[PDB]
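Colleague: Dropping a structure here in structure tokens format, bear with me for questions.
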Amino acid sequence: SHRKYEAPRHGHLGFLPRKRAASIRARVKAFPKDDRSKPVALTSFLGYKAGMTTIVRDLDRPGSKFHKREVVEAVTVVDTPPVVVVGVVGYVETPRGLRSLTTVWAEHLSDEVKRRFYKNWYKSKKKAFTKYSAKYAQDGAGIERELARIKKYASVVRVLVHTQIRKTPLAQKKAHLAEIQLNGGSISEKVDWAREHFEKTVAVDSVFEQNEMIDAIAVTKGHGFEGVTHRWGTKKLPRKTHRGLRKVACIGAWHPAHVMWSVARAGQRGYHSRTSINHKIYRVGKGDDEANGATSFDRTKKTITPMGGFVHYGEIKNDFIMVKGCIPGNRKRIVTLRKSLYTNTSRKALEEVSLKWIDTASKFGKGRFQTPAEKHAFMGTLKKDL
Amino acid sequence: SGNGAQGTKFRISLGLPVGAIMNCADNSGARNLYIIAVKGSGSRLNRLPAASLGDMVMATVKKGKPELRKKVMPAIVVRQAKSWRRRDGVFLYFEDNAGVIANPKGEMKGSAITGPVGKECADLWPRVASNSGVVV
Amino acid sequence: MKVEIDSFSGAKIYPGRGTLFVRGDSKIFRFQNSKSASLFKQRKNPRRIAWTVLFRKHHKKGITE
RNA sequence: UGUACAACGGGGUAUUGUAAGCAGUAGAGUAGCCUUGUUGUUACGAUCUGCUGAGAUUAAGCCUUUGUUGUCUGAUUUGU
RNA sequence: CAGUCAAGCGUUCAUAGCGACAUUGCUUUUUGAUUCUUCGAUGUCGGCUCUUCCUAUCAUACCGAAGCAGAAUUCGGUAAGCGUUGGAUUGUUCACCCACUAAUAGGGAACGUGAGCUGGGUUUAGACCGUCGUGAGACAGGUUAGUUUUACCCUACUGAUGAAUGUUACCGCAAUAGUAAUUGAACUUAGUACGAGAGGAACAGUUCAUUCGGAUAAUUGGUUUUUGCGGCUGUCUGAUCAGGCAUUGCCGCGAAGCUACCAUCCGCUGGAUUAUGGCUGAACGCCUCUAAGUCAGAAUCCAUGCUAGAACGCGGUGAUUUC
RNA sequence: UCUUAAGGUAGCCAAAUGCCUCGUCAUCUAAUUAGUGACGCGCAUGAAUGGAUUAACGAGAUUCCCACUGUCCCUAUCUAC
RNA sequence: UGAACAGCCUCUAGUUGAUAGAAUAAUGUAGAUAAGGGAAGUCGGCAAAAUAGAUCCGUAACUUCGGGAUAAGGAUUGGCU
């Protein structure tokens, strides 16, 4: 017979299979549609999600119940030390897809990106790119003609960029590498621009702007094998159920005599690639800049790093992106930041945001102070403060 | 939002599901009101309709004045015990959940409101705002 | 914006950190944390809790400033 | 054989809520003695006060270390 | 359940909406008819959970018709994309009220679903009543109590590895498969259009919300074996200190981690079309959206985007073993 | 008036006995095939094939109310095995 | 300790036997806690929770006068002198 009362499907089907991601750095499937007009600029950036923190700002949308009144919002702060361009790959269009016909590398690749090619760096003899850097001699007799070949046959060119993993407070040293599509000039300008930037750095303030509508692409938090009740949110069976209740009861009718693919089943949860779009940048800070933890209203000399440092992460000592709302992936994790794939002329996106205050209090419990200076002021001297 | 309400009520966390009994903050003689539905509610396979601050509900007077007893009557939630977050960031809650009898258009049956009234409820419903002693 | 003062422990309440409590007699109490927000409902005395600001003021402790 | 890594120690951030010890013109008092006080004196006496936001714990998936002490070639397999 | 005709109904009028007398069908969603399958056993009603499918469409998208002034409504088309509830009583399917809602449409999958549950009903043996029986006993009559067994096999499904393609590492492409967003309210338009008045919209804009979904733990709440701190009982270590035991002794607080529409954020825009409305224009010197040609257009379809990446699809690049 | 051996008396009831039947009325509830109180031409109640009450008692059955709670809304966490 | 050959800890005595090691996924079995609501779940409050010892105050209907009754419902509770 029919289902007695209708109900929505438990869980979205567009994300199957809920298997572990291929790699810890979720790929960027799609890029903003290319132009040949605007200046050459990167379409993405690699960062490391340090954590979250609280903000207060004047909501500035007309017709709100809270127009021109304080709103408390959650933001995630992304550590973004300047990436280094180390290579350029050109793509040709084929009736079977885009095919990379050439990658061209720089001269002195960093040791931290050289570690990427190795699994056992400690005992390896570090011969990577030795003969490429040797080939780079005679003012690059092969490299020059190979760039010309890209210019001759390339429809889309992407630069290879890697993060300065050593600048972050992580225990890792094997830098992550990624392909970033270059939007901007025609192919020749892009590769000339990229050639100018070989083994040269790009920071966020040059690629992302305040109030820009960006996407975070990353691998979600993992949770190991997970039962259906949490994996799909299915109803728990009643308490008096024999042989357990954290299940789904009927996995399918007698016919078809097969468990249908669309039936909730227990297994891996998390660690999937997820793209979260339309996030708002609130502040593209500068690591060199002290007091980036303050605003035009607060005027304190505290940095963005919360007291006691971010939990599990450390401190922010580089440029950062302070973006409203959650992002996929947990702390320490590589995240990919990507420009929006369409013009977002919604009023909510065009809001001209300016912050008022930034929470520096400790994330490691219920800390009540914004800076050790203020904390000292409240409590006075201590038996330790001699 | 109720029909006589002045439009948009931001989402207060629902803490008074169907079957909850709240105090009667007005002076119509009802002692408590027992929720039988919530106006504007949704639909799900086993989800109860729930009430929040400022929601217009349909309630029954389980205890109190005889002629108010034993019939359905619309009510308006003025106090909630389930803490909820405002836009401005604060988590706040009353220690009593209570409402006031009102007709569907949104004019209170009672004359005055006892105790505080939630700011969202007062802002949403003008009549409760007029009769409210202290609004928070 | 403004920072509140906890109604029980006297700690500074920054935007959103803590809860707000409206008693039946319409007296509002802002708590910096569940610690204050729970010691209050237990009917403990702020003047008797050793780390409370009222206790510190009453016993004059640290008042040598 | 190092902006190396680790085990400890240091600092921060945190959690609880004022350690032990000592001292008191603190203490319902009760027994004992006298020089009968106005801090008399001995024994017992919960609890209070001062040292004392003290003491304890703090990554085990917290942050940072100018300190101490170490550790750093064992196996197997792979060819167009 | 759907048509065919059209006596009459409907102010006038058969066909806006109906539809008698008759009449032609369709479905297996009822009950029957048969006994072909199973009686060396296919677990048998309902509910609970969950997935998918049909369309004879309740709502939503776009439309055509009216005894459509507006408002509300009714009939109909493309349409199953998307949703179709909370409760009282009953084992109930069904039914009947209460209420919310946009709506509370009908159905299938061995009357889906018992090695998924429950065992309320039915359906062993106890027992009671009524009626029928002389009696033993009978009763889809009522009532009460009544063991609901096994998966480690194959497959299916969900997740997880994996030999070889010279080796190994990195960066990629993308065939194919999946797909998601949903609906309402308020302010304004506007007390405007419309109407004599009663009444009373809609297009755009804005702020929100419902259902669903993917993340995250800055904030709040929950959890506490941090057995972290504090406290308390009984006992034990001669007393003190410090502790043991009380299956985690208990209580207060309790970071981290996990987690909650109980917390927060986010959930994309182009084409081609259906219905339909149109154009040009013959067939049929006229006329006609139609035949040739063609324009706009739906919650439709295909893309954009998202997910996995063929482990027998593939690309670019690095380094490739001497004593 | 026909018939029997005599025609269900006192009581009780849609009761564990009432098919129609979810009987009718009242109460309980927002809503009640449930519960209770009445009504009784009662298919098919009824007097030691015992009738009607009945304080107390009941691991009997049933309904409602207060308290209580993860039974549920709506799931989350922790420990041991 | 306590009313107690209840429960918990100890003395004499006796054992330290039950295949172990490493991790801490899902589902379980056993033991808990959950904000707001409080049976809306469900055949049905099934399971759980709440109350609980003692002293004092108060105690209804009905009744076979014996009961109901610990009715219901409140207050107090250590240590030390």
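Letters A, B, ... go to the chains of the structure tokens in the order shown; residues in each chain start at 1; ligands are counted from 1 in the same order.
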What lies within 12 Å of residue 39 of chain F using only C-alpha atoms (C1' of nucleotides), ignoring chain neighbours under 2 positions off, as a count of residues only?
Modeller: 7
Colleague: Leaving out segment 74-78 of chain F and any residue of its chain fewer than 4 positions from it, which residues lie within 8 Å of it when counting only C-alpha atoms (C1' of nucleotides), given as an MDAnalysis selection string?
Modeller: (chainID E and resid 222:224 258:260) or (chainID G and resid 32)
Colleague: Would you tabulate, counting only C-alpha atoms (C1' of nucleotides), all residues of chain D that have an atom at most 8 Å from an atom of chain A, showing the closest pair of atoms and their distance in Å to one decimal, sorted by chain then ascending number, as a tab-separated table?
Modeller:
residue	atom	partner	partner_atom	distance
D:12	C1'	A:308	CA	6.0
D:13	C1'	A:308	CA	4.0
D:14	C1'	A:365	CA	6.0
D:53	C1'	A:382	CA	7.8
D:61	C1'	A:312	CA	7.3
D:62	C1'	A:311	CA	5.2
D:63	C1'	A:309	CA	4.9
Colleague: Pull out every residue of chain A sitting within 12 Å of chain F, counting only C-alpha atoms (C1' of nucleotides), and send them as a list in words.
Modeller: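 The contacting residues on chain A are residues 229, 230, 233, 234, 235, 236, 237, 238, 239, 240 and 246 of chain A.
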Colleague: Contacts of residue 30 of chain C at 6 Å or less, counting only C-alpha atoms (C1' of nucleotides), minus same-chain residues fewer than 6 places along, as a ChimeraX atom specification?
Modeller: /C:6-7,19-20
